[PDB]
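Enquirer: Sharing a structure, written as structure tokens. Questions coming.
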Amino acid sequence: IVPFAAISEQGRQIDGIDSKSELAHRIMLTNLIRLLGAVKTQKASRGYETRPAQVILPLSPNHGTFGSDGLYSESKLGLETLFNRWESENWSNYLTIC
Amino acid sequence: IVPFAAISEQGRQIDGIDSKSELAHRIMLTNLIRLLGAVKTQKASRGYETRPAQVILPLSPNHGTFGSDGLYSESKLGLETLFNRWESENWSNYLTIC
Amino acid sequence: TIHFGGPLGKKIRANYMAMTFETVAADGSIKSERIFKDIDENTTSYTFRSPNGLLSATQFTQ
Amino acid sequence: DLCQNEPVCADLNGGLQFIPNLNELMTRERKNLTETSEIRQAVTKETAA
């Protein structure tokens, strides 16, 4: 899986978090997590336990250091949590994180 | 500001991210950020620049280590970004983070 | 009310703290006294007051 | 005053971050309680029967 879809949030500071920032956050974090969950659901429902997929997971070095980029940094940091969730949840058998 | 409102997401794993997890995430992260932005807007609009408010910001040591808690860890980690945003954005004059 | 909150407020407070006037005591000794006795490094804010309005107060009238 | 200099991060965790595998430890201790409880209860119930 290469989930590299992204929207540009350039020009949005803390006072400019708008409906487009919500949409960008949804695309880059929330629905990405759901896309993975949906894949897991299929693989589990059919028992393909010896074919965990590699997820190339698009992280960013920008932790707010560029600035004025909306919720982009928060989305990218939020993805980093999957590293821990791979060990703490029951879907490692269906997915592996890179 | 003591924004300590929270909803319990106990029992939600990666396959159980539901409308209640979205609501909990909205309350603990998205609308918290908007609440701060709204305060900034007032203070800026009236020029109270020598009264930045302290934000006691409720972070958690749980970075997914308890498990089965929905989007709670992601919300709490997402708040940590404000530390950097205080330096990188133009609202330090109205707020300070703790 | 002036609020000394923040870096700017700390600077404003320091300006007030730095304000002084010298009095000659009856023995001829010069005593420096701060104008804003109420304000100090611990003071968070202060308030000017005038019942005929602050335009009638010499420090702002001038 | 410090927060006006720089953002402050206060660790009020009590050291929980130094415990490896907190969930497994918690699950084990919740078991430990239950076993001991059950044994005495089973003996009690059997003594009643």
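Chain lettering (A, B, ...) mirrors the order of the structure tokens, residue numbering begins at 1 for each chain separately, and ligand numbering begins at 1 in order of display.
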Using only C-alpha atoms, find which residues of chain D lie within 6 Å of chain B and jot them down as a list in words.

Expert: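 Residues satisfying the distance criterion: residues 3, 4, 7, 8, 9 and 23 of chain D.
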
Enquirer: Would you save the residues of that selection, restricted to C-alpha atoms, as a short mmCIF file (atom, residue, chain, number, x, y, z; two decimals), in the first residue's frame?

Expert:
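Output contents, as saved in part.cif:
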data_model
loop_
_atom_site.label_atom_id
_atom_site.label_comp_id
_atom_site.auth_asym_id
_atom_site.auth_seq_id
_atom_site.Cartn_x
_atom_site.Cartn_y
_atom_site.Cartn_z
CA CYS D 3 5.53 29.91 30.63
CA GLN D 4 5.95 33.45 29.31
CA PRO D 7 6.39 26.41 26.81
CA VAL D 8 6.60 24.22 29.91
CA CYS D 9 6.23 20.43 29.81
CA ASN D 23 -0.82 -3.71 29.54
#

Enquirer: Would you write out chain A as a tab-separated table (two decimals) with C-alpha atoms, in the first residue's frame, after superposing it on chain B by least squares over all in-order Cα pairs?

Expert:
chain	number	residue	atom	x	y	z
A	1	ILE	CA	-7.57	27.64	30.47
A	2	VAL	CA	-8.16	24.10	31.76
A	3	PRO	CA	-9.72	22.27	28.82
A	4	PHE	CA	-9.99	18.91	30.55
A	5	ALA	CA	-13.22	17.64	28.87
A	6	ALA	CA	-12.79	14.04	27.65
A	7	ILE	CA	-14.90	11.04	26.56
A	8	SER	CA	-14.06	7.42	27.40
A	9	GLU	CA	-13.25	5.36	24.28
A	10	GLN	CA	-12.55	2.11	26.18
A	11	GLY	CA	-12.92	-1.07	24.13
A	12	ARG	CA	-12.21	0.44	20.68
A	13	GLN	CA	-9.43	-1.23	18.68
A	14	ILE	CA	-8.27	-0.34	15.13
A	15	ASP	CA	-11.28	-2.10	13.63
A	16	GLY	CA	-13.72	-0.25	15.90
A	17	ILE	CA	-13.06	3.41	15.08
A	18	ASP	CA	-16.69	4.63	15.08
A	19	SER	CA	-18.69	7.87	15.10
A	20	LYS	CA	-18.03	8.08	18.85
A	21	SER	CA	-14.26	7.96	18.25
A	22	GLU	CA	-14.64	10.81	15.74
A	23	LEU	CA	-16.61	12.81	18.31
A	24	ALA	CA	-14.06	12.10	21.06
A	25	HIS	CA	-11.21	13.15	18.77
A	26	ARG	CA	-13.10	16.32	17.81
A	27	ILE	CA	-13.69	17.24	21.49
A	28	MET	CA	-10.19	16.46	22.76
A	29	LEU	CA	-8.16	17.87	19.82
A	30	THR	CA	-9.99	19.77	17.05
A	31	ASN	CA	-12.37	21.91	19.03
A	32	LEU	CA	-9.80	22.43	21.77
A	33	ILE	CA	-7.56	24.05	19.14
A	34	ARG	CA	-10.52	26.11	17.96
A	35	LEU	CA	-11.34	27.18	21.54
A	36	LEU	CA	-7.80	28.50	21.86
A	37	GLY	CA	-8.04	30.23	18.49
A	38	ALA	CA	-11.30	31.90	19.51
A	39	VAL	CA	-9.72	33.23	22.70
A	40	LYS	CA	-6.79	34.55	20.67
A	41	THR	CA	-9.20	36.24	18.31
A	42	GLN	CA	-10.85	38.14	21.14
A	43	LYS	CA	-7.59	39.15	22.83
A	44	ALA	CA	-6.07	40.29	19.53
A	45	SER	CA	-9.22	42.16	18.48
A	46	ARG	CA	-9.11	44.20	21.71
A	47	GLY	CA	-5.31	44.51	22.04
A	48	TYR	CA	-4.77	42.84	25.45
A	49	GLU	CA	-1.20	41.95	24.47
A	50	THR	CA	0.23	42.10	27.98
A	51	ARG	CA	-2.15	39.39	29.26
A	52	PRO	CA	-1.25	36.10	27.56
A	53	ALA	CA	-3.22	33.29	29.17
A	54	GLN	CA	-1.61	30.16	30.54
A	55	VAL	CA	-3.02	27.03	28.93
A	56	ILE	CA	-2.76	24.02	31.18
A	57	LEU	CA	-2.74	21.49	28.40
A	58	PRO	CA	-3.84	17.95	29.41
A	59	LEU	CA	-1.34	15.53	27.86
A	60	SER	CA	-1.20	11.78	28.52
A	61	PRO	CA	1.66	9.26	28.95
A	62	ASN	CA	-0.48	6.80	26.98
A	63	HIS	CA	0.94	6.71	23.45
A	64	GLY	CA	-1.04	3.54	22.68
A	65	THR	CA	0.54	1.55	25.53
A	66	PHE	CA	-2.75	0.82	27.32
A	67	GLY	CA	-4.47	-0.23	24.06
A	68	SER	CA	-8.12	-0.49	22.90
A	69	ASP	CA	-8.76	3.22	23.57
A	70	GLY	CA	-9.88	4.51	20.15
A	71	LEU	CA	-8.36	7.81	19.01
A	72	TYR	CA	-7.48	8.92	22.58
A	73	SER	CA	-3.71	8.51	22.17
A	74	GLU	CA	-3.77	10.28	18.79
A	75	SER	CA	-5.71	13.21	20.26
A	76	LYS	CA	-3.29	13.56	23.17
A	77	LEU	CA	-0.21	13.29	20.91
A	78	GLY	CA	-1.78	15.79	18.53
A	79	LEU	CA	-1.96	18.33	21.33
A	80	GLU	CA	1.82	18.07	21.84
A	81	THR	CA	2.29	19.88	18.52
A	82	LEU	CA	1.15	23.11	20.15
A	83	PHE	CA	4.55	23.31	21.87
A	84	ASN	CA	6.17	23.92	18.50
A	85	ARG	CA	3.29	26.03	17.19
A	86	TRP	CA	3.75	28.51	20.07
A	87	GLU	CA	7.18	29.39	18.64
A	88	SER	CA	6.30	29.08	14.95
A	89	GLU	CA	3.02	31.12	14.92
A	90	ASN	CA	1.91	34.64	15.88
A	91	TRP	CA	-0.20	33.92	18.99
A	92	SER	CA	2.48	33.62	21.69
A	93	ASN	CA	1.59	37.19	22.66
A	94	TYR	CA	-1.88	36.01	23.68
A	95	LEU	CA	-1.22	32.49	25.02
A	96	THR	CA	1.48	30.45	26.78
A	97	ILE	CA	1.58	26.68	27.05
A	98	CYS	CA	2.00	24.41	30.07

Enquirer: Calculate how many Å separate atom CA of residue 3 of chain C from atom CA of residue 19 of chain C, rounding to one decimal.

Expert: 17.0 Å

Enquirer: Please identify all polymer residues within 9 Å of residue 48 of chain C, counting only C-alpha atoms, omitting same-chain residues fewer than 2 positions from it, and present them as a ChimeraX atom specification.

Expert: /C:1-2,46,50,54

Enquirer: Would you kindly report the residues of chain C within 10 Å of chain B, using only C-alpha atoms, as a ChimeraX atom specification?

Expert: /C:2-10,12,44-45

Enquirer: What does the file look like for those residues with C-alpha atoms, as a compact mmCIF listing (two decimals), in the first residue's frame?

Expert:
# COMPACT_ATOMS: atom_id res chain seq x y z
CA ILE C 2 -1.92 48.51 32.87
CA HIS C 3 -1.08 44.81 32.70
CA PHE C 4 2.55 43.78 32.99
CA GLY C 5 1.81 40.34 31.58
CA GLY C 6 4.16 39.01 28.92
CA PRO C 7 7.57 40.26 27.73
CA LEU C 8 6.18 43.66 26.73
CA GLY C 9 4.38 44.01 30.06
CA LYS C 10 7.59 43.19 31.91
CA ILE C 12 6.52 48.45 30.72
CA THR C 44 1.31 41.97 37.71
CA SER C 45 -0.70 45.13 36.96

Enquirer: Determine, counting only C-alpha atoms, which protein, DNA and RNA residues have an atom within 8 Å of an atom of residue 41 of chain C; residues of the same chain fewer than 3 positions away are not included. Present the result as a list in words.

Expert: residues 13, 14 and 17 of chain C

Enquirer: Just checking: using only C-alpha atoms, which residue out of C:33, C:15, C:43, C:62 ends up closest to chain D?

Expert: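 Answer, going by the shortest atom-to-atom distance: C:43.
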
Enquirer: What are the DSSP helix (DSSP H, G or I) residues of chain A, as a PyMOL selection string?

Expert: chain A and resi 14-16+19-46+72-80+82-88

Enquirer: Please identify which residues in chain A DSSP calls strand (DSSP E) from the backbone, and express them as a list in words.

Expert: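 Of chain A, only residues 53, 54, 55, 95, 96 and 97 of chain A fall in strand (DSSP E).
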
Enquirer: Just write the chosen residues, N, CA and C atoms, as an mmCIF file, in the first residue's frame.

Expert:
data_model
loop_
_atom_site.group_PDB
_atom_site.id
_atom_site.type_symbol
_atom_site.label_atom_id
_atom_site.label_comp_id
_atom_site.auth_asym_id
_atom_site.auth_seq_id
_atom_site.Cartn_x
_atom_site.Cartn_y
_atom_site.Cartn_z
ATOM 1 N N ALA A 53 0.456 -7.386 4.249
ATOM 2 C CA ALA A 53 0.918 -6.397 3.281
ATOM 3 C C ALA A 53 1.905 -5.426 3.914
ATOM 4 N N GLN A 54 2.902 -5.009 3.141
ATOM 5 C CA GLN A 54 3.743 -3.898 3.560
ATOM 6 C C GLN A 54 3.014 -2.589 3.296
ATOM 7 N N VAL A 55 2.972 -1.729 4.299
ATOM 8 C CA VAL A 55 2.455 -0.380 4.160
ATOM 9 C C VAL A 55 3.652 0.542 4.097
ATOM 10 N N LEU A 95 -0.808 -6.913 8.258
ATOM 11 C CA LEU A 95 -0.102 -5.727 7.790
ATOM 12 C C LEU A 95 1.238 -5.594 8.500
ATOM 13 N N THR A 96 2.172 -4.909 7.844
ATOM 14 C CA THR A 96 3.491 -4.594 8.377
ATOM 15 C C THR A 96 3.848 -3.191 7.926
ATOM 16 N N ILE A 97 4.544 -2.434 8.766
ATOM 17 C CA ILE A 97 4.661 -0.995 8.576
ATOM 18 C C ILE A 97 6.087 -0.611 8.216
#
